[PDB]
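The structure file run_25.pdb is reproduced below (PDB, C-alpha atoms).
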```pdb
ATOM      1  CA  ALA S 291      -4.540  39.802 -21.670  1.00  0.00           C
ATOM      2  CA  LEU S 292      -1.907  42.309 -20.565  1.00  0.00           C
ATOM      3  CA  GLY S 293      -0.200  41.924 -23.929  1.00  0.00           C
ATOM      4  CA  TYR S 294      -3.551  42.807 -25.480  1.00  0.00           C
ATOM      5  CA  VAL S 295      -3.843  45.581 -22.879  1.00  0.00           C
ATOM      6  CA  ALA S 296      -0.423  46.827 -23.973  1.00  0.00           C
ATOM      7  CA  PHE S 297      -1.506  46.338 -27.592  1.00  0.00           C
ATOM      8  CA  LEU S 298      -4.612  48.476 -27.060  1.00  0.00           C
ATOM      9  CA  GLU S 299      -2.850  51.062 -24.876  1.00  0.00           C
ATOM     10  CA  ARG S 300      -0.305  51.682 -27.643  1.00  0.00           C
ATOM     11  CA  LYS S 301      -3.154  51.917 -30.164  1.00  0.00           C
ATOM     12  CA  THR S 302      -5.025  54.136 -27.640  1.00  0.00           C
ATOM     13  CA  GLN S 303      -8.058  51.864 -28.069  1.00  0.00           C
ATOM     14  CA  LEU S 304      -8.740  52.628 -24.429  1.00  0.00           C
ATOM     15  CA  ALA S 305     -12.447  51.770 -24.635  1.00  0.00           C
ATOM     16  CA  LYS S 306     -11.568  48.105 -25.181  1.00  0.00           C
ATOM     17  CA  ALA S 307      -8.368  48.423 -23.129  1.00  0.00           C
ATOM     18  CA  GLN S 308     -10.128  49.683 -19.984  1.00  0.00           C
ATOM     19  CA  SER S 309     -12.910  47.112 -20.436  1.00  0.00           C
ATOM     20  CA  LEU S 310     -10.188  44.462 -20.401  1.00  0.00           C
ATOM     21  CA  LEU S 311      -8.835  46.052 -17.211  1.00  0.00           C
ATOM     22  CA  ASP S 312     -12.248  46.199 -15.532  1.00  0.00           C
ATOM     23  CA  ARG S 313     -12.805  42.513 -16.297  1.00  0.00           C
ATOM     24  CA  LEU S 314      -9.283  41.753 -15.025  1.00  0.00           C
ATOM     25  CA  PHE S 315      -9.217  42.973 -11.416  1.00  0.00           C
ATOM     26  CA  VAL S 316     -12.889  42.079 -10.918  1.00  0.00           C
ATOM     27  CA  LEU S 317     -12.361  38.521 -12.161  1.00  0.00           C
ATOM     28  CA  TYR S 318      -8.887  38.384 -10.554  1.00  0.00           C
ATOM     29  CA  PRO S 319      -8.828  40.453  -7.346  1.00  0.00           C
ATOM     30  CA  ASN S 320      -6.284  38.052  -5.827  1.00  0.00           C
ATOM     31  CA  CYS S 321      -3.541  39.271  -8.173  1.00  0.00           C
ATOM     32  CA  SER S 322      -4.734  42.881  -7.694  1.00  0.00           C
ATOM     33  CA  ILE S 323      -1.437  44.613  -8.483  1.00  0.00           C
ATOM     34  CA  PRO S 324      -1.064  43.978 -12.275  1.00  0.00           C
ATOM     35  CA  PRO S 325      -4.530  45.210 -13.431  1.00  0.00           C
ATOM     36  CA  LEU S 326      -5.280  47.824 -10.758  1.00  0.00           C
ATOM     37  CA  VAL S 327      -1.923  49.523 -11.196  1.00  0.00           C
ATOM     38  CA  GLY S 328      -2.495  48.870 -14.899  1.00  0.00           C
ATOM     39  CA  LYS S 329      -5.753  50.776 -14.651  1.00  0.00           C
ATOM     40  CA  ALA S 330      -3.866  53.415 -12.665  1.00  0.00           C
ATOM     41  CA  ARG S 331      -1.251  53.228 -15.419  1.00  0.00           C
ATOM     42  CA  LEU S 332      -3.853  53.817 -18.141  1.00  0.00           C
ATOM     43  CA  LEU S 333      -5.774  56.487 -16.210  1.00  0.00           C
ATOM     44  CA  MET S 334      -2.856  58.913 -16.118  1.00  0.00           C
ATOM     45  CA  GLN S 335      -2.046  57.954 -19.712  1.00  0.00           C
ATOM     46  CA  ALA S 336      -5.599  59.103 -20.417  1.00  0.00           C
ATOM     47  CA  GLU S 337      -4.667  61.900 -17.939  1.00  0.00           C
ATOM     48  CA  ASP S 338      -7.358  60.765 -15.446  1.00  0.00           C
ATOM     49  CA  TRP S 339      -5.018  61.455 -12.548  1.00  0.00           C
ATOM     50  CA  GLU S 340      -7.805  62.377 -10.116  1.00  0.00           C
ATOM     51  CA  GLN S 341      -9.159  58.870 -10.731  1.00  0.00           C
ATOM     52  CA  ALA S 342      -5.672  57.331 -10.566  1.00  0.00           C
ATOM     53  CA  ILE S 343      -4.978  58.496  -7.008  1.00  0.00           C
ATOM     54  CA  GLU S 344      -8.443  57.287  -5.982  1.00  0.00           C
ATOM     55  CA  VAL S 345      -7.527  53.921  -7.513  1.00  0.00           C
ATOM     56  CA  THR S 346      -4.186  54.201  -5.687  1.00  0.00           C
ATOM     57  CA  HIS S 347      -6.043  54.702  -2.400  1.00  0.00           C
ATOM     58  CA  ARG S 348      -8.069  51.629  -3.330  1.00  0.00           C
ATOM     59  CA  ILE S 349      -4.751  49.883  -4.024  1.00  0.00           C
ATOM     60  CA  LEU S 350      -3.488  51.243  -0.697  1.00  0.00           C
ATOM     61  CA  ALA S 351      -6.552  49.638   0.908  1.00  0.00           C
ATOM     62  CA  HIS S 352      -5.474  46.220  -0.380  1.00  0.00           C
ATOM     63  CA  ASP S 353      -1.878  46.905   0.681  1.00  0.00           C
ATOM     64  CA  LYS S 354      -0.505  50.198   1.969  1.00  0.00           C
ATOM     65  CA  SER S 355       3.040  48.777   2.025  1.00  0.00           C
ATOM     66  CA  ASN S 356       3.238  48.727  -1.795  1.00  0.00           C
ATOM     67  CA  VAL S 357       5.969  51.041  -3.089  1.00  0.00           C
ATOM     68  CA  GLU S 358       4.071  51.367  -6.380  1.00  0.00           C
ATOM     69  CA  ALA S 359       1.045  52.580  -4.415  1.00  0.00           C
ATOM     70  CA  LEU S 360       3.233  54.957  -2.398  1.00  0.00           C
ATOM     71  CA  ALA S 361       4.983  56.125  -5.569  1.00  0.00           C
ATOM     72  CA  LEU S 362       1.675  56.772  -7.357  1.00  0.00           C
ATOM     73  CA  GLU S 363       0.440  58.768  -4.367  1.00  0.00           C
ATOM     74  CA  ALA S 364       3.724  60.686  -4.255  1.00  0.00           C
ATOM     75  CA  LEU S 365       3.387  61.074  -8.017  1.00  0.00           C
ATOM     76  CA  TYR S 366      -0.091  62.583  -7.594  1.00  0.00           C
ATOM     77  CA  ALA S 367       1.342  64.993  -5.021  1.00  0.00           C
ATOM     78  CA  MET S 368       3.569  66.145  -7.899  1.00  0.00           C
ATOM     79  CA  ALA S 369       1.259  65.555 -10.881  1.00  0.00           C
ATOM     80  CA  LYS S 370      -2.139  67.178 -10.289  1.00  0.00           C
ATOM     81  CA  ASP S 371      -2.680  67.882  -6.571  1.00  0.00           C
ATOM     82  CA  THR S 372      -2.172  71.603  -5.897  1.00  0.00           C
ATOM     83  CA  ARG S 373      -1.875  70.839  -2.167  1.00  0.00           C
ATOM     84  CA  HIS S 374       1.860  70.224  -2.085  1.00  0.00           C
ATOM     85  CA  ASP S 375       3.491  71.391   1.128  1.00  0.00           C
ATOM     86  CA  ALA S 376       2.547  68.250   3.066  1.00  0.00           C
ATOM     87  CA  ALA S 377       4.329  66.234   0.339  1.00  0.00           C
ATOM     88  CA  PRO S 378       7.790  65.969   2.042  1.00  0.00           C
ATOM     89  CA  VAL S 379       6.160  63.967   4.827  1.00  0.00           C
ATOM     90  CA  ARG S 380       4.097  62.093   2.216  1.00  0.00           C
ATOM     91  CA  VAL S 381       7.121  61.098   0.126  1.00  0.00           C
ATOM     92  CA  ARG S 382       8.964  60.221   3.350  1.00  0.00           C
ATOM     93  CA  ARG S 383       6.337  57.512   3.797  1.00  0.00           C
ATOM     94  CA  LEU S 384       7.317  56.273   0.341  1.00  0.00           C
ATOM     95  CA  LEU S 385      10.973  56.817   1.276  1.00  0.00           C
ATOM     96  CA  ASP S 386      10.592  54.372   4.159  1.00  0.00           C
ATOM     97  CA  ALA S 387       9.029  51.687   1.967  1.00  0.00           C
ATOM     98  CA  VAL S 388      11.737  51.809  -0.705  1.00  0.00           C
ATOM     99  CA  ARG S 389      14.327  51.239   2.039  1.00  0.00           C
ATOM    100  CA  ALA S 390      13.020  47.722   2.688  1.00  0.00           C
ATOM    101  CA  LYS S 391      11.466  46.763  -0.659  1.00  0.00           C
ATOM    102  CA  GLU S 392      14.553  46.732  -2.928  1.00  0.00           C
ATOM    103  CA  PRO S 393      17.788  46.185  -0.978  1.00  0.00           C
ATOM    104  CA  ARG S 394      19.238  44.420  -4.027  1.00  0.00           C
ATOM    105  CA  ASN S 395      18.608  46.486  -7.174  1.00  0.00           C
ATOM    106  CA  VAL S 396      21.298  48.798  -8.528  1.00  0.00           C
ATOM    107  CA  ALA S 397      20.004  49.663 -12.004  1.00  0.00           C
ATOM    108  CA  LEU S 398      16.368  50.259 -11.053  1.00  0.00           C
ATOM    109  CA  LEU S 399      17.262  52.220  -7.903  1.00  0.00           C
ATOM    110  CA  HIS S 400      19.713  54.589  -9.630  1.00  0.00           C
ATOM    111  CA  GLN S 401      16.975  55.525 -12.077  1.00  0.00           C
ATOM    112  CA  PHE S 402      14.610  55.546  -9.083  1.00  0.00           C
ATOM    113  CA  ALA S 403      17.024  57.960  -7.397  1.00  0.00           C
ATOM    114  CA  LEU S 404      17.288  60.435 -10.279  1.00  0.00           C
ATOM    115  CA  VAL S 405      13.639  60.199 -11.378  1.00  0.00           C
ATOM    116  CA  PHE S 406      11.864  60.884  -8.101  1.00  0.00           C
ATOM    117  CA  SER S 407      14.235  63.676  -7.131  1.00  0.00           C
ATOM    118  CA  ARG S 408      13.613  65.349 -10.495  1.00  0.00           C
ATOM    119  CA  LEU S 409       9.920  65.190  -9.612  1.00  0.00           C
ATOM    120  CA  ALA S 410      10.567  67.368  -6.571  1.00  0.00           C
ATOM    121  CA  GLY S 411      12.743  70.243  -7.757  1.00  0.00           C
ATOM    122  CA  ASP S 412      14.191  73.046  -5.632  1.00  0.00           C
ATOM    123  CA  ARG S 413      12.076  72.290  -2.544  1.00  0.00           C
ATOM    124  CA  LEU S 414      14.794  71.754   0.056  1.00  0.00           C
ATOM    125  CA  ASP S 415      12.593  69.658   2.341  1.00  0.00           C
ATOM    126  CA  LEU S 416      11.985  67.400  -0.647  1.00  0.00           C
ATOM    127  CA  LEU S 417      15.623  67.786  -1.718  1.00  0.00           C
ATOM    128  CA  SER S 418      16.852  66.637   1.696  1.00  0.00           C
ATOM    129  CA  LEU S 419      14.697  63.510   1.423  1.00  0.00           C
ATOM    130  CA  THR S 420      15.269  62.820  -2.275  1.00  0.00           C
ATOM    131  CA  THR S 421      19.045  62.966  -1.826  1.00  0.00           C
ATOM    132  CA  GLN S 422      18.698  60.040   0.592  1.00  0.00           C
ATOM    133  CA  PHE S 423      17.114  58.197  -2.341  1.00  0.00           C
ATOM    134  CA  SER S 424      20.434  58.621  -4.143  1.00  0.00           C
ATOM    135  CA  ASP S 425      22.191  57.537  -0.942  1.00  0.00           C
ATOM    136  CA  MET S 426      20.861  53.995  -1.314  1.00  0.00           C
ATOM    137  CA  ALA S 427      21.705  54.171  -5.007  1.00  0.00           C
ATOM    138  CA  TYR S 428      25.195  55.131  -3.837  1.00  0.00           C
ATOM    139  CA  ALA S 429      24.984  52.440  -1.146  1.00  0.00           C
ATOM    140  CA  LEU S 430      24.509  49.534  -3.558  1.00  0.00           C
ATOM    141  CA  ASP S 431      27.024  50.689  -6.194  1.00  0.00           C
ATOM    142  CA  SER S 432      29.242  53.655  -7.010  1.00  0.00           C
ATOM    143  CA  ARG S 433      31.574  52.366  -9.748  1.00  0.00           C
ATOM    144  CA  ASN S 434      28.717  52.805 -12.223  1.00  0.00           C
ATOM    145  CA  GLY S 435      29.202  56.495 -12.992  1.00  0.00           C
ATOM    146  CA  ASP S 436      25.499  57.149 -13.503  1.00  0.00           C
ATOM    147  CA  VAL S 437      25.076  56.704  -9.734  1.00  0.00           C
ATOM    148  CA  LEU S 438      27.138  59.762  -8.878  1.00  0.00           C
ATOM    149  CA  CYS S 439      25.583  61.464 -11.907  1.00  0.00           C
ATOM    150  CA  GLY S 440      22.057  61.334 -10.486  1.00  0.00           C
ATOM    151  CA  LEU S 441      23.341  62.135  -7.004  1.00  0.00           C
ATOM    152  CA  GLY S 442      25.477  64.848  -8.583  1.00  0.00           C
ATOM    153  CA  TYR S 443      22.358  66.108 -10.337  1.00  0.00           C
ATOM    154  CA  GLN S 444      20.843  66.354  -6.872  1.00  0.00           C
ATOM    155  CA  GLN S 445      24.082  68.049  -5.834  1.00  0.00           C
ATOM    156  CA  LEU S 446      23.568  70.196  -8.928  1.00  0.00           C
ATOM    157  CA  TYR S 447      20.182  71.129  -7.460  1.00  0.00           C
ATOM    158  CA  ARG S 448      21.803  71.375  -4.011  1.00  0.00           C
TER     159      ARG S 448
END
```
Go ahead and express the file in the form of structure tokens.
Amino acid sequence: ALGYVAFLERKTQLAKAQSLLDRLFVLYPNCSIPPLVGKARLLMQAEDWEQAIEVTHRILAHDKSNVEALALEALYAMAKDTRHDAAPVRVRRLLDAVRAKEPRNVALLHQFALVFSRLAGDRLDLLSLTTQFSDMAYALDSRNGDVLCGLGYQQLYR
């Protein structure tokens, strides 16, 4: 159904797309992550970010230790919430989870390093944390020159 979800999300037939989502995590709450993040995916695609973080908190209820839940929350601290300044501690919570969740992935983590730092900006408390994101990207590989590029982009913002 996710292919049909992707089919309807591309077509922006979100009335039938979201109905497919709502009959996905209700019928399949055991899987939880694919449809509920998928609803949280669609909600911010329909720009319903205030709903998406509430879904994320519901996802956090099922499992707080999900990086995708902690990324969505840290995304909402950057997307819509005008209550930032606690965010460096909030993204640190996400920063701890990414330390243990992917100690194998070079390609995803390099993009994860440059993306989530570019969310933050010139906030040095964020910049101190988000550079450590590029540290693990540097930890797994450095011969791929994009790794020092994203870290250098942080050093560009440093």
task = Can you give me, as number ranges by chain, the residues this file yields under the PyMOL selection byres ((chain S and resi 368) around 12)?
result = S: 339, 343, 361-367, 369-378, 380-381, 406-411, 413, 416
May I have the selected residues written with C-alpha atoms, as a CSV table (one decimal), in the coordinates of the input?
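The resulting file, out04.csv, is shown below:
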```csv
chain,number,residue,atom,x,y,z
S,339,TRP,CA,-5.0,61.5,-12.5
S,343,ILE,CA,-5.0,58.5,-7.0
S,361,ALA,CA,5.0,56.1,-5.6
S,362,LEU,CA,1.7,56.8,-7.4
S,363,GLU,CA,0.4,58.8,-4.4
S,364,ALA,CA,3.7,60.7,-4.3
S,365,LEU,CA,3.4,61.1,-8.0
S,366,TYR,CA,-0.1,62.6,-7.6
S,367,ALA,CA,1.3,65.0,-5.0
S,369,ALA,CA,1.3,65.6,-10.9
S,370,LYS,CA,-2.1,67.2,-10.3
S,371,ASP,CA,-2.7,67.9,-6.6
S,372,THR,CA,-2.2,71.6,-5.9
S,373,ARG,CA,-1.9,70.8,-2.2
S,374,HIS,CA,1.9,70.2,-2.1
S,375,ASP,CA,3.5,71.4,1.1
S,376,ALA,CA,2.5,68.2,3.1
S,377,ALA,CA,4.3,66.2,0.3
S,378,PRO,CA,7.8,66.0,2.0
S,380,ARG,CA,4.1,62.1,2.2
S,381,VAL,CA,7.1,61.1,0.1
S,406,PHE,CA,11.9,60.9,-8.1
S,407,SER,CA,14.2,63.7,-7.1
S,408,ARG,CA,13.6,65.3,-10.5
S,409,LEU,CA,9.9,65.2,-9.6
S,410,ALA,CA,10.6,67.4,-6.6
S,411,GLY,CA,12.7,70.2,-7.8
S,413,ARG,CA,12.1,72.3,-2.5
S,416,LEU,CA,12.0,67.4,-0.6
```
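Nearest-residue note for residue 396 of chain S: choosing from S:384, S:429, S:330, S:417, the minimum distance belongs to S:429, counting only C-alpha atoms.
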query = Which value, in Å to one decimal, gives the distance between atom CA of residue 332 of chain S and atom CA of residue 308 of chain S?
reply = 7.7 Å
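Between atom CA of residue 400 of chain S and atom CA of residue 437 of chain S the separation is 5.8 Å.
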key: Result set, the PyMOL selection byres ((chain S and resi 312) around 12) on current file, as a VMD selection string   = chain S and resid 291 295 304 to 311 313 to 319 322 324 to 330 332
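Closest approach to residue 412 of chain S among S:347, S:352, S:448, S:300: S:448, based on only C-alpha atoms.
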Edge lengths and centre in Å to one decimal, as JSON, of the axis-aligned box that encloses all listed atoms of segment 405-410 of chain S with 5 Å added on every side?
```
{"center_x": 12.1, "center_y": 63.8, "center_z": -9.0, "size_x": 14.3, "size_y": 17.2, "size_z": 14.8}
```
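Taking atom CA of residue 359 of chain S as the reference point, atom CA of residue 342 of chain S is found at 10.3 Å.
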request  = Point out the residue among S:350, S:298, S:427, S:441 with the least atom-to-atom distance to residue 395 of chain S, counting all atoms listed in the file.
outcome  = S:427
task = Could you expand the PyMOL selection byres ((chain S and resi 386) around 12) into the explicit residues it covers here, written as a PyMOL selection string?
result = chain S and resi 355-357+360-361+379-385+387-392+419-420+422-423+426
N, CA and C atoms are needed for segment 360-379 of chain S; please write them out as a PDB file, in the frame of the given file.
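The resulting file, result_3.pdb, is reproduced below:
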```
ATOM      1  N   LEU S 360       2.678  53.764  -3.029  1.00  0.00           N
ATOM      2  CA  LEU S 360       3.233  54.957  -2.398  1.00  0.00           C
ATOM      3  C   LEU S 360       3.941  55.854  -3.403  1.00  0.00           C
ATOM      4  N   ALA S 361       4.421  55.289  -4.513  1.00  0.00           N
ATOM      5  CA  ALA S 361       4.983  56.125  -5.569  1.00  0.00           C
ATOM      6  C   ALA S 361       3.887  56.849  -6.338  1.00  0.00           C
ATOM      7  N   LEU S 362       2.786  56.151  -6.641  1.00  0.00           N
ATOM      8  CA  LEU S 362       1.675  56.772  -7.357  1.00  0.00           C
ATOM      9  C   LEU S 362       1.060  57.902  -6.545  1.00  0.00           C
ATOM     10  N   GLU S 363       0.920  57.700  -5.234  1.00  0.00           N
ATOM     11  CA  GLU S 363       0.440  58.768  -4.367  1.00  0.00           C
ATOM     12  C   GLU S 363       1.423  59.932  -4.351  1.00  0.00           C
ATOM     13  N   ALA S 364       2.717  59.633  -4.201  1.00  0.00           N
ATOM     14  CA  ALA S 364       3.724  60.686  -4.255  1.00  0.00           C
ATOM     15  C   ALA S 364       3.833  61.281  -5.650  1.00  0.00           C
ATOM     16  N   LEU S 365       3.484  60.507  -6.678  1.00  0.00           N
ATOM     17  CA  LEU S 365       3.387  61.074  -8.017  1.00  0.00           C
ATOM     18  C   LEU S 365       2.227  62.058  -8.108  1.00  0.00           C
ATOM     19  N   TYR S 366       1.070  61.700  -7.538  1.00  0.00           N
ATOM     20  CA  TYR S 366      -0.091  62.583  -7.594  1.00  0.00           C
ATOM     21  C   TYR S 366       0.130  63.855  -6.791  1.00  0.00           C
ATOM     22  N   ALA S 367       0.936  63.785  -5.728  1.00  0.00           N
ATOM     23  CA  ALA S 367       1.342  64.993  -5.021  1.00  0.00           C
ATOM     24  C   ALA S 367       2.179  65.907  -5.902  1.00  0.00           C
ATOM     25  N   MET S 368       2.815  65.358  -6.936  1.00  0.00           N
ATOM     26  CA  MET S 368       3.569  66.145  -7.899  1.00  0.00           C
ATOM     27  C   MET S 368       2.825  66.368  -9.210  1.00  0.00           C
ATOM     28  N   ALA S 369       1.877  65.496  -9.559  1.00  0.00           N
ATOM     29  CA  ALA S 369       1.259  65.555 -10.881  1.00  0.00           C
ATOM     30  C   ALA S 369       0.139  66.589 -10.949  1.00  0.00           C
ATOM     31  N   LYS S 370      -0.916  66.395 -10.162  1.00  0.00           N
ATOM     32  CA  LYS S 370      -2.139  67.178 -10.289  1.00  0.00           C
ATOM     33  C   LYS S 370      -2.549  67.889  -9.010  1.00  0.00           C
ATOM     34  N   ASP S 371      -2.248  67.321  -7.846  1.00  0.00           N
ATOM     35  CA  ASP S 371      -2.680  67.882  -6.571  1.00  0.00           C
ATOM     36  C   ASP S 371      -1.967  69.206  -6.315  1.00  0.00           C
ATOM     37  N   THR S 372      -2.726  70.297  -6.261  1.00  0.00           N
ATOM     38  CA  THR S 372      -2.172  71.603  -5.897  1.00  0.00           C
ATOM     39  C   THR S 372      -2.266  71.837  -4.391  1.00  0.00           C
ATOM     40  N   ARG S 373      -1.842  70.835  -3.628  1.00  0.00           N
ATOM     41  CA  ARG S 373      -1.875  70.839  -2.167  1.00  0.00           C
ATOM     42  C   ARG S 373      -0.545  70.307  -1.638  1.00  0.00           C
ATOM     43  N   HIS S 374       0.550  70.864  -2.164  1.00  0.00           N
ATOM     44  CA  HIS S 374       1.860  70.224  -2.085  1.00  0.00           C
ATOM     45  C   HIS S 374       2.367  70.097  -0.654  1.00  0.00           C
ATOM     46  N   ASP S 375       2.499  71.226   0.058  1.00  0.00           N
ATOM     47  CA  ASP S 375       3.491  71.391   1.128  1.00  0.00           C
ATOM     48  C   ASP S 375       3.521  70.271   2.164  1.00  0.00           C
ATOM     49  N   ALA S 376       2.468  69.465   2.267  1.00  0.00           N
ATOM     50  CA  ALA S 376       2.547  68.250   3.066  1.00  0.00           C
ATOM     51  C   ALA S 376       3.362  67.151   2.394  1.00  0.00           C
ATOM     52  N   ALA S 377       3.664  67.294   1.099  1.00  0.00           N
ATOM     53  CA  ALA S 377       4.329  66.234   0.339  1.00  0.00           C
ATOM     54  C   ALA S 377       5.650  65.724   0.915  1.00  0.00           C
ATOM     55  N   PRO S 378       6.553  66.549   1.482  1.00  0.00           N
ATOM     56  CA  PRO S 378       7.790  65.969   2.042  1.00  0.00           C
ATOM     57  C   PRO S 378       7.547  64.881   3.072  1.00  0.00           C
ATOM     58  N   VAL S 379       6.539  65.047   3.922  1.00  0.00           N
ATOM     59  CA  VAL S 379       6.160  63.967   4.827  1.00  0.00           C
ATOM     60  C   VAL S 379       5.532  62.817   4.045  1.00  0.00           C
TER      61      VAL S 379
END
```
